[PDB]
Amino acid sequence: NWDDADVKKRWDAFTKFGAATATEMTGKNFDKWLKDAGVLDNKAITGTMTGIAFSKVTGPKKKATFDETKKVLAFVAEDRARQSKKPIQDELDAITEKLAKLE
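Residues numbered from 1 in each chain as written, not as in the entry; some residues may be left out. Heavy atoms only, no water.

Structure determination for this entry is recorded as solution NMR.

What follows is the structure, encoded as structure tokens:
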């Protein structure tokens, strides 16, 4: 459960410390964070937005850091949010709000 403040804490940490290779999570593990959350299903969602997101944010298969992470989360949220509603922030708040109770 990423708390309101905790979300900022865990995100911010990446920039403050520069946690590239310091508790790094493989692309598989980050992909897990996405698919298990229900945001990036990779089932009905586009391959365009999702694939290019990873290809842009991380590059290799290992991981990245804060900026790259906020990029991809935005791209994934934007995927379906922007099609119907358009504002990406709406679905990000939704994601954050969903996973708040979705453990």
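**Notes on helix α4 (residues 66–84)**
Across its 19 residues, α4 extends 28 Å between first and last C-alpha, which sits within 8% of the 27 Å expected from 1.5 Å per residue. The largest bend in α4 comes to about 45 degrees, at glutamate 78. Taken residue by residue, α4 has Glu68, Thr69, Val72, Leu73, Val76, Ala77, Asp79 and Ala81 as its buried positions. Of the residues trailing α4, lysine 86 is marked for its positive phi of about 105 degrees. (Helix = DSSP H or I, 4+ residues; strand = E, 2+ residues; numbered from the N terminus. Expected span 1.5 Å × (residues − 1). Bend = angle between axes of the 7 residues up to and from the residue. Buried < 20%, exposed > 50% of the residue type's maximum accessible area, 1.4 Å probe, protein only.)

**Quick look at the pattern of salt bridges**
Tallied over the entire structure, the rule returns eleven salt bridges. Residue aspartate 41 pairs with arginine 80 through a salt bridge whose shortest N-O separation is 2.7 Å. With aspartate 41 in the loop between α2 (27–37) and α3 (47–57) and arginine 80 in helix α4, this pair connects stretches of sequence that are 39 residues apart. A single salt-bridge network, built from bridges that share partners, covers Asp41, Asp79 and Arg80. (Salt bridge = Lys/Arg side-chain N within 4 Å of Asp/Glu carboxyl O.)

**Focus: the packing of α2 against α4**
Contact geometry for α2 and α4: axes closest at 12 Å, N-to-C directions at 35 degrees. Considering the relative orientation of α2 and α4, their crossing is right-handed. Along its contact with α2, which presents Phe30, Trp33 and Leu34, the element α4 presents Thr69, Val72, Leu73 and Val76. Within the contact of α2 with α4, the residues separate by chemical class into six nonpolar, one polar and no charged. (Axes fitted to C-alpha atoms, helices over the stretch in contact; angles between N-to-C directions. Left-handed = near helix turned anticlockwise from the far one by under 90°. Contact = heavy atoms within 4.5 Å. Nonpolar A, V, L, I, M, F, W, Y, C, P; charged D, E, K, R; others polar.)

**Looking at the packing of α4 against helix α5 (residues 88–101)**
Remark: α4 packs on α5, axes separated minimally by 8 Å, with the N-to-C direction vectors making an angle of 110 degrees. In terms of orientation, α4 lies roughly perpendicular with respect to α5. Here the hand of the crossing between α4 and α5 comes out right-handed. On α5, the residues that touch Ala74, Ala77, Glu78 and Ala81 of α4 are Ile88, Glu91, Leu92 and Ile95. Taken together, the residues of the contact of α4 with α5 break down into six nonpolar, no polar and two charged. (Parallel < 35°, antiparallel > 145°, perpendicular 65-115°, else oblique.)

**Side note on the environment of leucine 99**
If you trace the backbone, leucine 99 turns up in helix α5. Overall, the relative accessible area of 8% leaves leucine 99 in the buried class. A sequence separation of 96 residues divides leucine 99 from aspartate 3, and the C-alpha atoms of the two residues are 9.8 Å apart.

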